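Those protein sequences? They're chains A and A', same order as listed. A prime marks a further copy of an entry chain. So the mapping is simple: the entry's author numbering equals the position in the first sequence, first residue as 1, plus 216. So the mapping is simple: the entry's author numbering equals the position in the second sequence, first residue as 1, plus 216. The C-beta atom is built at its ideal place from N, Cα and C for all residues, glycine as well.
There are 2 protein chains.
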Amino acid sequence: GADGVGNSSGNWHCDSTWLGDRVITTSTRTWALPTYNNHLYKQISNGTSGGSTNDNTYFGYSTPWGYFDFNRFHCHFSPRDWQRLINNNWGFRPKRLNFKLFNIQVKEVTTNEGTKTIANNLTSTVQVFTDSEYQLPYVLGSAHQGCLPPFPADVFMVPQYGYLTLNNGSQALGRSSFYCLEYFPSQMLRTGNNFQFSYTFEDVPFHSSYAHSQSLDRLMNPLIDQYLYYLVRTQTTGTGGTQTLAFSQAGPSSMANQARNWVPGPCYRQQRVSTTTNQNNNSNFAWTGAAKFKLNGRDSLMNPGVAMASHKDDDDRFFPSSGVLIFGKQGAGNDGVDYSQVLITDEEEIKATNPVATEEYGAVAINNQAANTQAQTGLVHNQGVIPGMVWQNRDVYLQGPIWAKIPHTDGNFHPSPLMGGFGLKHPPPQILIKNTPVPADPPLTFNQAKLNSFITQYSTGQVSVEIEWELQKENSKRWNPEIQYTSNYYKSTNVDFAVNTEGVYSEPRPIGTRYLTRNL
Amino acid sequence: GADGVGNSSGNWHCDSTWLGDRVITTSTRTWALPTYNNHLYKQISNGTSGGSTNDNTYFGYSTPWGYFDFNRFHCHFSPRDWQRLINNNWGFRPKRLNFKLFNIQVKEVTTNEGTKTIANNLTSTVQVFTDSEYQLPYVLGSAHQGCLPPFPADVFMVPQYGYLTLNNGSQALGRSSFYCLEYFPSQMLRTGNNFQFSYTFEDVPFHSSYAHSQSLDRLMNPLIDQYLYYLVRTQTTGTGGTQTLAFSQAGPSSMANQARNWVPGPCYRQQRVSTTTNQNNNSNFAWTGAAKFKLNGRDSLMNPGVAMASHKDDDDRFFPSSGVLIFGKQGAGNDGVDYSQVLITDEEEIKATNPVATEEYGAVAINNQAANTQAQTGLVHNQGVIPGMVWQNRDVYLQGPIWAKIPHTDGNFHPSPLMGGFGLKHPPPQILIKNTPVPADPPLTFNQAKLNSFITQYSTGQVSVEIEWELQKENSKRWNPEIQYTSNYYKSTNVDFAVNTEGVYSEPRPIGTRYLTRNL
Ligand SMILES: Nc1ncnc2c1ncn2[C@H]1C[C@H](O)[C@@H](COP(=O)(O)O)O1
Ligand SMILES: Nc1ncnc2c1ncn2[C@H]1C[C@H](O)[C@@H](COP(=O)(O)O)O1
Ligand SMILES: [Cl-]
Ligand SMILES: [Cl-]
Ligand code: NA
Ligand code: NA
Numbered sequence: 217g218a219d220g221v222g223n224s225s226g227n228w229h230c231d232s233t234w235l236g237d238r239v240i241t242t243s244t245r246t247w248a249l250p251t252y253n254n255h256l257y258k259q260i261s262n263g264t265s266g267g268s269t270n271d272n273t274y275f276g277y278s279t280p281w282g283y284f285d286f287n288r289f290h291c292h293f294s295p296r297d298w299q300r301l302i303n304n305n306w307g308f309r310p311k312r313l314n315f316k317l318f319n320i321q322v323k324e325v326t327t328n329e330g331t332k333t334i335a336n337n338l339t340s341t342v343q344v345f346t347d348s349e350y351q352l353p354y355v356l357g358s359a360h361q362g363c364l365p366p367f368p369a370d371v372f373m374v375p376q377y378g379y380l381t382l383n384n385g386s387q388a389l390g391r392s393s394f395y396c397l398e399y400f401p402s403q404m405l406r407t408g409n410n411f412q413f414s415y416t417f418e419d420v421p422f423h424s425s426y427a428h429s430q431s432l433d434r435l436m437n438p439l440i441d442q443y444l445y446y447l448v449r450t451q452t453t454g455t456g457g458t459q460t461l462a463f464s465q466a467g468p469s470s471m472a473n474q475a476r477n478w479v480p481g482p483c484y485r486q487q488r489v490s491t492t493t494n495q496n497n498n499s500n501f502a503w504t505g506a507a508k509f510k511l512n513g514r515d516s517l518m519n520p521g522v523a524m525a526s527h528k529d530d531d532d533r534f535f536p537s538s539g540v541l542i543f544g545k546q547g548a549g550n551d552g553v554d555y556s557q558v559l560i561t562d563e564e565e566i567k568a569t570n571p572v573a574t575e576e577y578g579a580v581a582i583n584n585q586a587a588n589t590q591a592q593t594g595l596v597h598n599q600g601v602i603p604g605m606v607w608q609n610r611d612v613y614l615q616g617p618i619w620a621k622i623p624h625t626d627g628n629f630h631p632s633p634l635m636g637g638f639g640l641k642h643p644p645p646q647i648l649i650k651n652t653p654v655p656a657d658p659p660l661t662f663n664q665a666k667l668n669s670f671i672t673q674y675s676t677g678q679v680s681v682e683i684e685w686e687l688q689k690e691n692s693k694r695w696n697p698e699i700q701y702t703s704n705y706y707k708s709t710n711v712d713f714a715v716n717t718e719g720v721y722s723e724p725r726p727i728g729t730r731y732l733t734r735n736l
Numbered sequence: 217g218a219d220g221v222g223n224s225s226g227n228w229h230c231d232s233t234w235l236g237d238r239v240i241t242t243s244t245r246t247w248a249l250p251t252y253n254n255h256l257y258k259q260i261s262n263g264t265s266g267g268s269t270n271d272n273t274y275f276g277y278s279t280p281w282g283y284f285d286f287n288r289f290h291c292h293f294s295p296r297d298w299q300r301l302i303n304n305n306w307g308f309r310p311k312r313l314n315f316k317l318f319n320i321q322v323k324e325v326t327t328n329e330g331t332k333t334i335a336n337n338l339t340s341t342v343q344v345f346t347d348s349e350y351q352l353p354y355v356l357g358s359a360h361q362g363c364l365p366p367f368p369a370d371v372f373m374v375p376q377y378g379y380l381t382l383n384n385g386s387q388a389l390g391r392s393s394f395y396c397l398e399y400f401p402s403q404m405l406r407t408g409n410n411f412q413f414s415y416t417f418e419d420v421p422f423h424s425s426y427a428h429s430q431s432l433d434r435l436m437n438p439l440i441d442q443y444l445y446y447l448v449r450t451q452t453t454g455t456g457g458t459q460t461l462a463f464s465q466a467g468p469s470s471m472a473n474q475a476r477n478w479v480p481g482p483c484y485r486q487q488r489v490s491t492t493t494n495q496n497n498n499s500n501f502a503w504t505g506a507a508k509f510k511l512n513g514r515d516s517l518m519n520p521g522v523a524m525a526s527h528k529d530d531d532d533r534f535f536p537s538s539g540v541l542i543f544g545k546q547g548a549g550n551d552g553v554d555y556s557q558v559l560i561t562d563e564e565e566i567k568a569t570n571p572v573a574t575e576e577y578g579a580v581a582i583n584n585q586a587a588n589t590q591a592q593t594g595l596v597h598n599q600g601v602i603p604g605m606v607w608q609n610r611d612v613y614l615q616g617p618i619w620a621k622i623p624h625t626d627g628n629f630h631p632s633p634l635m636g637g638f639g640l641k642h643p644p645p646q647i648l649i650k651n652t653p654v655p656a657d658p659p660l661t662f663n664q665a666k667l668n669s670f671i672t673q674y675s676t677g678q679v680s681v682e683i684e685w686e687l688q689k690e691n692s693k694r695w696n697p698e699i700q701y702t703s704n705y706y707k708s709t710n711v712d713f714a715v716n717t718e719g720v721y722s723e724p725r726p727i728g729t730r731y732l733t734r735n736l
């Protein structure tokens with residue numbers, strides 16, 4: 217038969233294939249969908265009143281719908297695969313994908329007298345649809361939990377969909393928009409029924425898997441001397457102290473002086489903090505210290521900020537308070553976890569072209585030099601883009617994000633997601649799922665009221681995401697061995713990126729993308 | 217319909233057909249699959265610490281998967297069939313096979329208040345796949361229990377899959393590899409869904425079902441005398457005792473002296489032990505006595521060793537402590553069972569070309585003979601292969617193993633499984649099965665955690681293995697009746713290879729392969 221209950225409505229594909237440039241990832245996981253909001257759209261707001269501050273106010277709605285998110289690299293990549301990709305390519309980018317939902321099973325749970333039994337409702341349905349026109353608030357790219365699990369074996373719960381609208385305090389404005397998912401043409405399923413579609417990534421720039429092997433400043437030959445001169449002295453050396461103009465040709469020895477065609481990238485000052493406890497000043501400056509941007513009278517934290525080097529050499533302990541991504545160690549607590557639990561990423565690789573996060577961009581003269589007045593200079597903590605700058609985008613990690621929807625705005629600049637990734641105008645459409653409400657027996661005499669009693673049930677099934685990535689091979693003529701991600705030989709009680717003695721896959725550290733080195 | 221619940225998704229084939237050389241075996245058994253490891257991959261290690269010795273240390277993983285093993289002769293052969301094959305062929309070998317899984321039924325068991333009920337989950341699925349590329353640690357050929365039952369009627373449990381990786385003590389090394397079965401493209405089934413495939417055995421040498429009827433030493437005509445001489449005496453006979461060189465032509469009477477073109481096979485000394493209790497020395501030399509090979513600082517027992525004759529004639533009671541296969545009598549206990557329970561196989565058939573297990577290979581001179589110094593000789597307990605050797609491989613039994621995967625190594629010698637069988641580089645692929653986890657109702661509010669609650673269920677179904685064997689008929693011109701496996705006429709209370717009064721099929725003794733005799 218075509219579609220029956222005693223028939224697999226799809227298969228399990230979890231494979232990675234490398235041919236030439238194209239690497240194909242395929243993942244399958246087993247999901248479970250709870251009933252959300254008792255089949256109800258609820259208005260949710262957080263007020264100014266009460267303990268909560270004004271910066272955490274919001275207005276929105278929580279829907280009875282769940283959504284499928286695969287926006288995390290680890291979903292499509294095995295740790296071993298991530299290794300192959302990082303260690304041999306100068307870049308890569310998504311090309312197309314394929315989604316599938318199958319072997320859907322709906323169960324109805326009954327409880328009597330502390331006795332609980334779960335069996336099948338076959339006639340029951342499950343609704344699915346894609347926001348192919350992008351008419352629904354984009355949830356994804358907010359780094360929200362609920363993406364497919366990293367380990368294929370694990371079975372996961374489907375995230376609940378909800379959105380935010382313009383708000384003043386705990387109130388909404390005239391502008392704020394209320395969306396109803398049901399007002400969307402969605403496809404329905406019964407077990408033996410399957411859903412699926414395909415999408416093709418708009419053209420996007422290859423991510424850089426290469427870390428520079430020349431600093432922006434050191435772009436010139438040591439042996440030669442520039443044909444240009446610079447002002448070397450305003451005053452005669454020694455006792456005389458009489459103003460004079462002396463000019464010198466910037467040479468190899470005087471490298472700093474010599475003129476350059478390109479200058480470092482932009483910077484927003486980030487407060488510095490040291491892993492060692494003692495060094496830090498004894499105040500709770502987590503918030504007061506941190507850089508932030510104020511929008512509509514509300515100050516939001518600048519996380520994770522513009523792309524900047526985490527630390528200057530040998531300052532490894534240092535990190536921006538808010539200027540890097542942080543990943544919890546497995547089993548880590550959501551609130552107030554200790555330092556040991558967290559994995560603080562490090563973006564030092566990009567130090568060569570990008571400004572250090574914790575230091576000034578540089579200095580600019582504050583006044584005209586005078587016969588009486590002395591020259592002055594001021595520091596640059598906040599530096600915007602100017603002609604001649606070059607820079608590197610923030611890195612993605614095996615457990616990082618992949619893409620993000622570029623806001624539909626009149627304009628924007630270098631729209632590469634600040635958390636790292638590919639910026640798409642038309643990203644993979646949001647996939648929405650929901651269990652169709654099955655009413656409990658209605659009262660015998662007609663009632664104008666809307667039914668408030670339903671059979672309790674949840675659904676389960678497999679999901680498949682297959683993505684085709686385009687690689688960009690290395691062309692380096694570097695004579696010496698390059699740096700590469702490896703797993704240390706030395707013995708240990710547990711294996712890296714494996715299950716422990718209890719059956720708990722764990723990702724020991726974040727894994728960057730740039731190991732291979734390319735010239736500037 | 218094509219695939220429905222009320223439809224047999226396969227039939228029962230249990231037949232043997234003989235045409236010409238080709239004998240075709242077909243078996244079908246009914247299996248049951250329990251849930252394994254609560255749907256969890258678990259890290260398993262045995263430590264140096266505690267009672268366990270260092271030689272029993274290991275590191276590995278236990279998977280939620282089960283595997284189908286047919287690697288035992290009795291599965292495909294009826295005892296009567298084994299008889300026909302052994303009693304009329306000089307050899308045979310596997311040619312191709314066909315596997316099938318069908319009539320899959322998944323049951324979900326419920327327990328309330330000490331009340332247990334088992335019914336059907338139809339929408340539930342079962343995953344299956346073959347390691348057609350050999351990317352998974354090879355379990356088979358380790359003589360592990362869990363192969364299809366010998367008796368067709370019996371219903372069996374499916375073995376759990378698990379593997380081992382490089383370990384130091386209870387720790388893993390950097391090299392050690394962790395495999396995830398789910399990362400394998402596997403096919404899913406619902407009842408009315410069936411799986412199946414075919415494989416063809418790489419070319420392999422016919423097993424020898426023939427026992428030699430000439431000793432390697434006695435390969436020459438009695439009547440004739442060799443045209444070659446040997447050194448018969450170093451000293452004059454009688455009183456004189458003065459050195460002289462005397463040479464004689466090796467004749468029929470002096471058979472031992474005469475030169476030969478071929479010499480016996482290799483040997484590793486095996487400690488001798490007698491079935492009679494009194495003869496044996498009163499010490500627990502089971503381990504201390506036994507020969508062993510030390511790998512990576514760990515001593516493993518040499519079981520079952522190289523192929524060697526169990527005993528010289530009339531030494532029938534004797535056997536190598538570790539140098540023969542042992543099969544438990546039906547109902548025999550796993551640990552510390554008495555001698556009566558066990559069936560100790562006997563490889564005396566091969567004594568003619570192979571060295572006796574318990575005796576030295578022979579002797580070699582230890583020094584140069586001297587006018588003053590006397591000649592000396594030393595025994596050879598360990599003897600490696602040298603030009604001119606010929607030997608017989610170890611026999612397979614009706615309840616023995618069939619093939620084994622030749623380790624993917626740079627080199628090897630005469631790669632015939634030491635436990636007996638056919639050595640294949642690409643053996644029948646491991647067949648992996650697993651019940652797909654069906655989650656218990658999830659909590660209403662999204663949780664980042666991985667689901668830990670599942671409906672309890674197991675599966676059942678029929679399995680079919682069909683193998684085509686190629687025979688090699690006897691060509692003997694032997695005038696007298698040959699020895700053959702028979703069942704003794706004399707009355708008994710139970711029939712050989714039948715069920716007893718309780719319904720317990722039992723294999724009374726091991727059944728060899730070599731009865732027919734061929735010349736050397
Ligand atoms: N990841 C990503 N997504 C979307 N747009 C991006 C991305 N990275 C850079 N850009 C911007 C930068 C330029 O404005 C343009 C490509 O020009 P070019 O001269 O090639 O830099 O796209
Ligand atoms: N059972 C089995 N499996 C695999 N390889 C085997 C087996 N028996 C012997 N051999 C080896 C011995 C030789 O190296 C080769 C066949 O050569 P020949 O001159 O025919 O002995 O194969
Ligand atoms: Cl976490
Ligand atoms: Cl047994
Ligand atoms: Na709510
Ligand atoms: Na276990």
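Cutoff 8 Å: residue i Cβ touching any chain A Cβ
i: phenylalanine 394 of chain A'; result: yes
i: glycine 408 of chain A'; result: yes
i: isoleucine 671 of chain A'; result: yes
i: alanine 581 of chain A'; result: no
i: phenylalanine 400 of chain A'; result: yes
Nearest-angstrom Cβ-Cβ length linking residue i and residue j, presumed shorter than 8 Å
i: residue 738 of chain A'; j: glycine 307 of chain A'; result: Because chain A' spans 217 through 736 in this model, residue 738 of chain A' falls outside it and cannot be assessed.
i: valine 239 of chain A; j: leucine 648 of chain A; result: The Cβ separation is near 29 Å, so there is no contact.
i: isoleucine 727 of chain A'; j: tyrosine 613 of chain A'; result: 6 Å
Below-8 Å beta-carbon distance, residue i vs any chain A' residue
i: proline 375 of chain A; result: yes
i: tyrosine 379 of chain A; result: no
i: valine 715 of chain A; result: yes
i: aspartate 370 of chain A; result: yes
i: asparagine 584 of chain A; result: no
i: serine 340 of chain A; result: no
Beta-carbon proximity of residue i to residue j, cut-off 8 Å
i: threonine 246 of chain A; j: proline 658 of chain A'; result: no
i: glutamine 465 of chain A'; j: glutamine 442 of chain A'; result: yes
i: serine 722 of chain A'; j: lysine 316 of chain A'; result: no
For residue i, the nearest candidate out of the options (CA to CA)
i: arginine 694 of chain A'; options: A':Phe411, A':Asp297, A':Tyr395 and A':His428; result: A':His428
i: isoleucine 566 of chain A; options: A:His527, A:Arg533, A:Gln585 and A:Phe535; result: A:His527
i: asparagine 668 of chain A'; options: A:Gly639, A:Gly719 and A:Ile649; result: A:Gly719
Span separating the alpha-carbon of residue i from that of residue j
i: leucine 435 of chain A'; j: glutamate 563 of chain A'; result: 22 Å
i: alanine 335 of chain A; j: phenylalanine 318 of chain A; result: 19 Å
i: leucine 559 of chain A'; j: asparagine 716 of chain A; result: 41 Å
i: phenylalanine 543 of chain A; j: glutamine 615 of chain A; result: 8 Å
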